[PDB]
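*Asks:* Any chance you can model this:
(one chain, ligands or ions: 4)
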Amino acid sequence: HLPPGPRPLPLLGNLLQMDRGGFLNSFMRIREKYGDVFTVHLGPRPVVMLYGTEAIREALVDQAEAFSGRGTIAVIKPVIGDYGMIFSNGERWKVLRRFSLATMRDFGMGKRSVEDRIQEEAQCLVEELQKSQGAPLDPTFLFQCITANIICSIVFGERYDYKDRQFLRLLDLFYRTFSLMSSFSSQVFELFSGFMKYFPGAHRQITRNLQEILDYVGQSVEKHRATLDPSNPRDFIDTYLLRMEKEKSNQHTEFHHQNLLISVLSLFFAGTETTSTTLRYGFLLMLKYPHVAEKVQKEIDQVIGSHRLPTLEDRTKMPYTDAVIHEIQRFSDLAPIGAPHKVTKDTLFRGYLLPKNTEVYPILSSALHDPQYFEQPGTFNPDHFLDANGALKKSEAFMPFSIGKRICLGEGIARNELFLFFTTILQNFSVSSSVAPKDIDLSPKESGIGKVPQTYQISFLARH
Ligand code: HEM
Ligand SMILES: OC[C@H]1O[C@@](CO)(O[C@H]2O[C@H](CO)[C@@H](O)[C@H](O)[C@H]2O)[C@@H](O)[C@@H]1O
Ligand SMILES: Clc1ccc(-c2cnc[nH]2)cc1
Ligand SMILES: Clc1ccc(-c2cnc[nH]2)cc1
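*Replies:* Numbering: from 1, shown residues only. Ligands and ions are numbered 1, 2, ... in the order given. What follows is the structure:
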């Protein structure tokens, strides 16, 4: 009945078939033995893994509803639980995703206003790197600044200065937490939290970090109440507050205080740590393959020039840069073991019966590195997204934002951020570092529920 897999042991589950290389390396080895759809017991819990573009789509697209449930990540479950639009299920999920989409669009998502804020934020970024004057720097903080300011403007109603001390702290917390979430420790914790939770570990520092961020969120929510004008909501929080007051009538409403706190935390995270991390890998990749960079700048020069601000319309006439960004996303592989799903009802899949609430991991990494769709999946090559004519070549295998009903809410804003921030930085600068291109290390610094590049230093030099 469940998909096949290695026989589990009492207590240990399938620990014996696990690998110290982490979940992804482990699952890859079990797949060779049991095929594309198989079962691994994480501690006592059966989890169905789905490998390859075809298996992943057959589930998340062809039985979209059955595979639309949300599973759990043990290490963020203490603080986050199943509140907000991301880790919720059923009517709460349906209500909060719809609410969040509608609301983000009211404050600009997919419209000229957010396009302008990204342009404005890029211009702030260029001015800051000119002040550095060649000098090598670690771009982690700035890449976080520029992406967080876009979501902050939609959620908190403001952007923050690059030297704001409380902004620095929050971004430090986000970076450290995403890495901690991605560490070998969190994976071991996913197996054995019932036992490990009593002891020191990554899981504890993650609860503390998330709680410190949640304090800031609480502060911001209170201050939103004080200045709340019911006929001009400035942002996501106000809009939520207004709906909250209106629905105090219903006792089973989803719009309560906890869903607000966690809704904001969810959006704040992931708007600080996703596009930001992708970008950071992008320029490490630009350091390793400078010929790719030059070919991007040459296309910038032809389509845009060296002075006007890039626009989203410019991307449609820039297939090569677009392909490069696709390839940066395919390679950097932000969410490898995907994100935990589960089936909402008893489900028949490839002759298997998955009982209701069975966890399901769509191994997105196996789609992004699918050999039937990409000639050399382990290598960074823009040609994976170019056809013979040099036009942008789409791929069903390209699912860095996943697919189906749970598909990333921020896909649009993330694609637009990546294009505008990437294309604007290379318009004004070229990049270099002490480290020889052949010595550039592309192995992840942490690989787990997220993928994080190695730390590096980089120089932004004006190009005459
Ligand atoms: C490169 C940037 C991003 C990537 C690669 C990305 C990727 C993903 C992935 C893989 C998921 C899980 C989908 C699944 O469960 O199957 C997800 C979910 C989600 N993302 Fe993103 N995301 C990115 C940026 C953002 C941004 C900027 C936002 C909002 C500002 C955002 C909001 C969300 C939300 C709300 C969900 C949960 C969707 C749901 O459960 O309905 N993400 N994202
Ligand atoms: O990047 C391709 C990948 O993204 C998705 C969902 O984000 O694109 C959706 O919109 C596409 C644009 O045409 C459609 O082709 C695609 O069918 C649609 O689902 C995935 O679907 C697609 O694999
Ligand atoms: Cl706690 C948390 C919240 C959101 C994400 C996310 C959404 N889309 C991409 N990453 C990751 C982790
Ligand atoms: Cl529900 C969920 C969980 C994790 C992520 C993620 C992994 N890596 C980055 N973001 C996204 C969505």
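*Asks:* Next, the one residue in the chain that gets nearest to ligand 1: phi, psi?
*Replies:* Nearest residue of the chain to ligand 1 (Cβ to the nearest ligand atom) works out as residue 410 at 2.2 Å. All C-beta atoms are positioned from the backbone trio N, CA, C, and that covers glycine. Comment: the main-chain dihedrals of residue 410 come out as phi -100, psi 20, following degrees, to the nearest 10.
*Asks:* That one and residue 269 touch, don't they?
*Replies:* No. Contact criterion Cβ atoms under 8 Å: residue 410 and residue 269 do not qualify, at 11.4 Å.
*Asks:* Quick check: the closest residue to residue 391 other than its chain neighbours vs residue 202, distance?
*Replies:* Nearest non-adjacent residue to residue 391, counting by Cβ to Cβ, 6 or more residues apart in numbering: residue 319, 5.2 Å away. As defined by Cβ to Cβ, to the nearest Å, residue 319 lies at a distance of 42 Å from residue 202.
*Asks:* Next to ligand 3, which bits of the stretch 301-450 of the chain? Give me the list.
*Replies:* residue 408 (Cβ under 6 Å from any ligand atom).
*Asks:* how about the strands in the stretch 301-450 of the chain?
*Replies:* For the stretch 301-450 of the chain, the strands defined by DSSP state E, counting those that start in this stretch cover 341-342, 347-349, 352-354, 359-363, 429-432, 446-447.
*Asks:* Quick check: residues of the stretch 301-450 of the chain near ligand 2?
*Replies:* Near ligand 2, when you scan the stretch 301-450 of the chain using Cβ under 6 Å from any ligand atom, you find 394, 396, 398, 399, 401, 403, 407, 411.
*Asks:* mind redoing it with 5 Å?
*Replies:* Within the stretch 301-450 of the chain, the positions adjacent to ligand 2 are 396, 398 by Cβ under 5 Å from any ligand atom.
*Asks:* contacting residues for the residue of the chain found nearest ligand 2?
*Replies:* Across the chain, the shortest distance to ligand 2 (Cβ to the nearest ligand atom) belongs to residue 398, at 4.1 Å. Counting by Cβ atoms under 8 Å, 6 or more residues apart in numbering, residue 398 touches 326, 329, 330, 367, 368, 385.
*Asks:* same thing with residue 367?
*Replies:* So residue 367 contacts 52, 53, 56, 373, 397, 398, 399 (Cβ under 8 Å, 6+ apart).
*Asks:* Need the max-distance pair from those.
*Replies:* 52 and 398 (13.7 Å; Cβ to Cβ).
*Asks:* And for residue 390, the neighbour number?
*Replies:* Number of residues near residue 390 (other Cβ atoms under 10 Å) recorded here: 11.
*Asks:* let's number from 7 now, not from 1
*Replies:* Okay, residue one is now 7; in that scheme the one you just asked about reads as residue 396.
*Asks:* That one contacts residue 325, correct?
*Replies:* Yes. Judged on Cβ under 8 Å, residue 396 makes contact with residue 325 at a distance of 6.1 Å.
*Asks:* Identify the contacts common to the two.
*Replies:* In contact with both residue 396 and residue 325: no residue, using Cβ under 8 Å, 6+ apart.
*Asks:* So for stretch 388-404, what gets flagged as buried?
*Replies:* Across stretch 388-404, burial judged by 16 or more other Cβ atoms under 10 Å covers 388, 390, 391, 392, 398, 399, 401, 403, 404.
*Asks:* on that earlier part again, save the strands of the stretch 307-456 of the chain as CSV, and put in distance to residue 285 too.
*Replies:* Below are those laid out as CSV (distance: least, Cβ to Cβ, whole Å):
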stretch, distance to residue 285
strand 347-348, 27
strand 353-355, 36
strand 358-360, 37
strand 365-369, 24
strand 435-438, 12
strand 452-453, 17
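*Asks:* what about those strands, which gets the closest to residue 194?
*Replies:* Of those, nearest to residue 194 by Cβ to Cβ is strand 452-453, at 13.4 Å.
*Asks:* Can you name every helix or strand that the closest one contacts?
*Replies:* helix 171-188 (3 or more Cβ pairs under 8 Å, 6 or more residues apart in numbering; DSSP states H and E).
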